[PDB]
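Here we start with a single chain on its own, the form solved without the DNA, put down as structure tokens.
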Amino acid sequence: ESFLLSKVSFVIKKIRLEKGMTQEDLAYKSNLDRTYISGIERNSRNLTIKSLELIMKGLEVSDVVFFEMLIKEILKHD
């Protein structure tokens, strides 16, 4: 698997739930396909930086807060 990929998709899912959105909601807000979002949270697709940027825009989260959460996630141990 890709370790980093699983951390990124974890944080996408986490913010999604915090915002109270479904996968369809995120698809709609991103201009992305439902299956692609579904696939990303399943880690069964690779994700470009441009798609990530479309996802952050769909989530309505700033770059900084997103990466700050990623760091927190990468650090959580045991």
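We call the rigid core the largest set of C-alpha positions that still match within 1.5 Å between the two forms. Note that residue numbering begins at 1 and tracks the sequence as displayed.
**Student:** How do 38-46 and 22-30 compare in 7 other deposited structures of this protein: which one has C-alphas farther from this form after the rigid core is matched?
**Tutor:** More C-alpha displacement in 7 other deposited structures of this protein shows up in 38-46.
**Student:** Of the three thirds of its chain by CA temperature factor, lowest, middle or highest, which one includes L32?
**Tutor:** According to the entry, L32 has a C-alpha B-factor in the chain's highest third.
**Student:** Give the position of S38 by CA B-factor within its chain, expressed as the lowest, middle or highest third.
**Tutor:** Middle third by C-alpha B-factor.
From this point on, the text means the form deposited with the DNA bound, which you will not see here.
**Student:** Taking any heavy atom pair closer than or equal to 4.5 Å as contact, tell me whether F67 reaches the DNA in the bound PDB entry.
**Tutor:** No, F67 is distant from the partner.
**Student:** Any chance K14 has a heavy atom within 4.5 Å of the DNA in the bound PDB entry?
**Tutor:** Within the cut-off, so yes.
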